[PDB]
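first chunk of the complex, coordinates as they sit in the assembly:
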Amino acid sequence: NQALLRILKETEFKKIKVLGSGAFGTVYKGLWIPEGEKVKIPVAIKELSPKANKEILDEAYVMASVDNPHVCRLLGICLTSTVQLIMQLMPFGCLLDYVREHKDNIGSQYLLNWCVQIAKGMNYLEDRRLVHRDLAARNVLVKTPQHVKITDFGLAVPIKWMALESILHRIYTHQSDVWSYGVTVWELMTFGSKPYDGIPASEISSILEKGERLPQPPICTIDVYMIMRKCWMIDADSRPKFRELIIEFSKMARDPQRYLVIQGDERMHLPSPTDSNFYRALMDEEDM
């Protein structure tokens, strides 16, 4: 249990470049320096009282306790005046920046597989009875282009991702996560657009109650959009379950050009197996 979180010394790691900031502190690219040998092992570091460190560690053990190919795991923690958490570094960044930088080279087969993977991770957090509460394209990281992992879940401002019962009553279930999943797909199919951009956060809840939703993205057939819209029903139990979303986006992944309409789709396909095995033996040695 508690053997999954390694307690780190300030002396055995070093922040070296800033990647960004987020939900409790700033993220840096770092290096781990194993005691007694000289090898710089790249990591990611989030820089956030003694008793609050017991609240921190009690949750840290929870996030250090996950095991699923599509969920990120917390690997270490360093108790300093400001706390420092350490996870494996994903050289491909998050999917949000990814989809906004290759938006003219992403084919339909990747997009739908990203949806499958995110539903796989989410359904796993559901099976662990863990609620994400901040699911969003920024919180989906890219291990290899064929392989994404969800991050920074379970931390108890993202109003434009929140289900209506979270905006009005701070109710966070897995069914409220399904709603934010619905927005996350929408970030993907639109190659990184800011949902409800320019309509004040203060006024989102009145527009959802009124019955407006995010608009059908251009590359989406009705079949994909109808699933997004069912994720945004006002009644939580009517939204689909993640286990269903897995089956549905997997079906759509067996025939992608039927469900997403992208210009140039026939000139960009999956990696050959040759290319996936190469990617995996260099970068991605875990199970799936």
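Done, it's in. Residues are numbered from 1 along each chain as shown, chains lettered A, B, ... in the order given.

Stretch A:181-200 spans what distance, first to last residue?
21 Å (CA to CA, to the nearest Å).

Stretch A:144-151 now?
End-to-end distance (CA to CA), stretch A:144-151: 15 Å.

what about the residue most central in space within chain A, distance to residue A:56?
Most central residue of chain A, judged by C-alpha distance to the mean C-alpha position with CA atoms, centre = their mean, is residue A:140 at 2.3 Å. Between residue A:140 and residue A:56 the computed distance is 24 Å (CB to CB, to the nearest Å). Where C-beta positions appear, they are placed from N, C-alpha and C, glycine not excepted.

quick revisit: separation between the residue nearest to the centre of chain A and residue A:260?
18 Å.

got it, and residue A:158?
Relative to residue A:260, and taking CB to CB, residue A:158 is found at 26 Å.

the more surrounded of the two?
residue A:260 (21 against 17; other CB atoms under 10 Å).

Enumerate every residue touching the nearest residue to residue A:86 once chain neighbours are set aside.
The shortest distance from residue A:86 to any non-neighbouring residue, by CB to CB, 6 or more residues apart in numbering, is to residue A:76 (3.8 Å). When the contact criterion is CB atoms under 8 Å, 6 or more residues apart in numbering, the partners of residue A:76 are A:5, A:6, A:7, A:8, A:43, A:85, A:86.

Please look at residue A:32 and residue A:12 and confirm they touch.
Yes: under the criterion of CB atoms under 8 Å, residue A:32 makes contact with residue A:12 at 6.8 Å.

which of the two has more neighbours?
Shown here are residue A:32 and residue A:12; by other CB under 10 Å, residue A:32 has more neighbours (19 against 14).

that older thread, now list whatever residues contact both of residue A:32 and residue A:12.
Going by CB under 8 Å, 6+ apart, no residue sits against residue A:32 while also sitting against residue A:12.

ok, back up a step: ok, now how distant is the residue nearest to residue A:86 from residue A:56?
Distance from residue A:76 to residue A:56, by CB to CB: 13 Å.

Just the buried positions in stretch A:274-288, please.
Buried residues in stretch A:274-288, counting neighbours by 16 or more other CB atoms under 10 Å, are found at A:276, A:279, A:280.

Can you pull out the residues in contact with it?
So stretch A:274-288 is in contact with A:69, A:91, A:143, A:144, A:145, A:146, A:147, A:270, A:271, going by CB under 8 Å, 6+ apart.

Quickly name whichever of those residues is closest to residue A:164.
residue A:69 (31.8 Å; CB to CB).

Distance-wise, check the closest residue to the closest one other than its chain neighbours relative to residue A:149.
Spatial nearest neighbour of residue A:69, excluding adjacent residues (CB to CB, 6+ apart): residue A:288 at 4.6 Å. Distance of residue A:288 to residue A:149, given as CB to CB: 11 Å.

Now the common contact residues for those two.
Common neighbours of residue A:288 and residue A:149 (CB under 8 Å, 6+ apart) are residue A:69.

ok, which stretches of the stretch 1-150 of chain A are strands?
A:6-7, A:13-21, A:26-32, A:41-47, A:76-78, A:84-88, A:140-144, A:147-150 (DSSP state E, counting those that start in this stretch).

is it true that residue A:92 touches residue A:142?
Yes: if you go by CB under 8 Å, residue A:92 and residue A:142 touch, sitting 3.6 Å apart.

and the closest residue to residue A:240 other than its chain neighbours, what is it in contact with?
Leaving aside its chain neighbours, residue A:240 sits nearest to residue A:230 (5.7 Å; criterion: CB to CB, 6+ apart). Residues in contact with residue A:230 (CB under 8 Å, 6+ apart) are A:182, A:238, A:239, A:240.

Next one: the nearest residue to residue A:6 once chain neighbours are set aside from residue A:64, what distance?
The spatial neighbour of residue A:6 that comes closest, neighbours along the chain excluded (CB to CB, 6+ apart), is residue A:76 at 4.4 Å. Residue A:76 sits at a distance of 8 Å from residue A:64 (criterion: CB to CB).

repeat for residue A:4
4 Å.

higher neighbour count, the two?
Using other CB under 10 Å as the criterion, residue A:4 and residue A:64 rank with residue A:64 on top: 21 against 16.

can you slot in chain B too:
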Amino acid sequence: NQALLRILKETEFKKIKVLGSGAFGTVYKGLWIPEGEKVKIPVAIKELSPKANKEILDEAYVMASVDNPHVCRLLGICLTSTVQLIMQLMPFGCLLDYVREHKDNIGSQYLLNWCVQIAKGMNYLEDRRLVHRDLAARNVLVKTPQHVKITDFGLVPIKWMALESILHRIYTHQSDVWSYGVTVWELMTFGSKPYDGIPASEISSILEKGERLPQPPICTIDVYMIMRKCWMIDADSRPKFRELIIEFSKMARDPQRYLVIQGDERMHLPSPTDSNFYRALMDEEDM
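Putting chain B onto the chains we already have gives this:
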């Protein structure tokens, strides 16, 4: 089958720092840059005719076909003006240099486990009917200090070779058992050169005479006997790699009984907490 070897272009990778040479060419630390992507992936590259390249690929497909935690796999080839082969980069280098540089903190539990691992990989190559022909501490790479892998198999190292290889260029798996015994000895002497100071032309005469490498001081007689049975003159009398796994595993369950190193009770394996950290950053594979 051939989807296990990725055919690379010169333009999608770059050698960046020279790591060493020895076997068949020069090895560099490199970078692979995925087509259409902005990330730079560390790799290892060995830089060496069109017809000879068919001899090459036929072997390369085999060396790309291994799947065992303790055997290295060939990952790509770039058959251009100079043949360039690509495998995963092992940031810890080869085991020989490891044992030479960390001779101050290597305990008996590490040594004995390396033997178990080297026998595991070797016994797998046997099962695949591939003869190493060059098993040696230099050809044992370090993925993590807890995890070694055999490399550059399937391809003169006179001081490692079984006698029937010196006398008849005969290489079977039983000849690999011998080089295995010599590999252990390099490890237990913390990296000494076997038959140091003796000209290569004369090793065969000393082996036929019946001398062997001498018992290292840190080695109990139980360990020495295994090294000696690896060096019997009748190849079929030497032990099998499957047998060496069991025996060195038996010895690892009680390491200080079988190796006598000063300061040994102050260096132990990593805690599980430390093994899990090691594995999620560096070693995510099965074992």
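
The contacts of residue A:76 again please, this time with chain B.
Taking CB atoms under 8 Å, 6 or more residues apart in numbering or on different chains, we find residue A:76 in contact with A:5, A:6, A:7, A:8, A:43, A:85, A:86, B:277.

my read: the fourth one touches residue A:84, true?
Looking back up the chat, that one is residue A:8. Yes: checked against CB under 8 Å, the pair residue A:8 and residue A:84 is within contact range at 7.4 Å.

what touches both of these two?
In contact with both residue A:8 and residue A:84: A:77, A:78, using CB under 8 Å, 6+ apart.

coming back round to it: so among the contacts of residue A:76, which ones count as buried?
The neighbour-count criterion (16 or more other CB atoms under 10 Å in any protein chain shown) marks A:5, A:6, A:8, A:43, A:85, A:86, B:277 among these as buried.

which one is the residue nearest to the centre of chain A nearest to, not counting chain neighbours?
residue A:95 (4.3 Å; CB to CB, 6 or more residues apart in numbering or on different chains).

Now do stretch A:147-163: distance from first to last residue.
Termini of stretch A:147-163 sit 27 Å apart (CA to CA).

Tell me if it is near chain B.
No: using CB under 8 Å from any CB of the partner chain, stretch A:147-163 never reaches chain B; the gap is at least 11.8 Å.

next one: that stretch to chain centre, how far?
7 Å (CA atoms, centre = their mean, to the nearest Å).

what's the first-to-last distance across stretch A:61-80?
Span of stretch A:61-80 from end to end, CA to CA: 17 Å.

how about the residues of chain A that lie near chain B?
Checking chain A against chain B by CB under 8 Å from any CB, the hits are A:3-7, A:32, A:36-37, A:39, A:41-43, A:73, A:75-76, A:88, A:91-92, A:101-102, A:105, A:145, A:272-275, A:277-279, A:281-286.

what about 6 Å?
Counting by CB under 6 Å from any CB of the partner chain, chain A comes close to chain B at A:3-4, A:6, A:36, A:39, A:41, A:75, A:88, A:91-92, A:105, A:273-274, A:278, A:281-282, A:285-286.

Just the residues you listed: which are in helices?
A:273, A:274, A:278, A:281, A:282 (DSSP state H).

Enumerate every residue touching the residue nearest to residue A:18 when sequence neighbours are not counted.
Leaving aside its sequence neighbours, residue A:18 sits nearest to residue A:28 (CB to CB, 6+ apart; 5.4 Å). With contact taken as CB atoms under 6 Å, 6 or more residues apart in numbering or on different chains, residue A:28 is in contact with A:15, A:18, A:45.

wait, which of those is closest to chain B?
Of all the contacts of residue A:28, chain B sits closest to residue A:45, with 12.9 Å by CB to the nearest CB.

I figured the closest one hits residue A:13, correct?
No: using CB atoms under 6 Å, residue A:45 makes no contact with residue A:13, being 7.1 Å away.

list residues touching both of the two?
residue A:30.

With chain B as the reference, measure out to the residue nearest to residue A:140.
Noted for residue A:95: a distance of 14 Å to chain B, by CB to the nearest CB, to the nearest Å.

List the contacts of that residue.
With CB under 6 Å, 6+ apart, residue A:95 has these contacts: A:137, A:140, A:142, A:148.

Looking at these, which is nearest chain B?
For these, the nearest to chain B is residue A:142 (9.6 Å; CB to the nearest CB).

Verify the stated contact: that closest one with residue A:97.
No: here residue A:142 does not reach residue A:97: they are 9.0 Å apart, not a contact under CB under 6 Å.

What values do phi and psi take at whichever residue of chain A sits closest to chain B?
Chain A approaches chain B most closely through residue A:285 (3.9 Å), counting by CB to the nearest CB. The phi/psi pair for residue A:285 (degrees, to the nearest 10) reads phi -90, psi 0.

Leaving out sequence neighbours, find the closest residue to residue A:67.
residue A:73 (7.1 Å).

Equivalent analysis for residue A:220, please.
residue A:189 (5.2 Å).

check contacts around residue A:33.
Contacts of residue A:33 by CB under 6 Å, 6+ apart are residue A:12.

10 Å - rerun?
A:11, A:12, A:13, A:14, A:39, A:40, A:41 (CB atoms under 10 Å, 6 or more residues apart in numbering or on different chains).

Now stretch A:226-243 - C-alpha only, PDB.
Written as PDB, here are the backbone C-alpha positions of stretch A:226-243 (Å, rounded to 0.1, in the frame of the first residue of the first chain):
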ATOM      1  CA  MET A 226     -25.700  12.600 -30.100                       C
ATOM      2  CA  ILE A 227     -23.400  10.900 -27.500                       C
ATOM      3  CA  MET A 228     -21.900  14.200 -26.500                       C
ATOM      4  CA  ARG A 229     -25.400  15.600 -26.000                       C
ATOM      5  CA  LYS A 230     -26.500  12.600 -23.900                       C
ATOM      6  CA  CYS A 231     -23.600  13.300 -21.600                       C
ATOM      7  CA  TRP A 232     -25.000  16.800 -21.100                       C
ATOM      8  CA  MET A 233     -28.500  15.800 -20.000                       C
ATOM      9  CA  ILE A 234     -29.600  17.700 -16.900                       C
ATOM     10  CA  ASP A 235     -30.600  14.400 -15.200                       C
ATOM     11  CA  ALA A 236     -27.400  12.700 -14.100                       C
ATOM     12  CA  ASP A 237     -28.600   9.100 -14.200                       C
ATOM     13  CA  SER A 238     -29.800   9.600 -17.900                       C
ATOM     14  CA  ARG A 239     -26.300  10.300 -19.100                       C
ATOM     15  CA  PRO A 240     -24.500   7.200 -20.300                       C
ATOM     16  CA  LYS A 241     -22.100   5.300 -18.100                       C
ATOM     17  CA  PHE A 242     -18.400   5.200 -19.000                       C
ATOM     18  CA  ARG A 243     -18.500   1.500 -19.500                       C
END
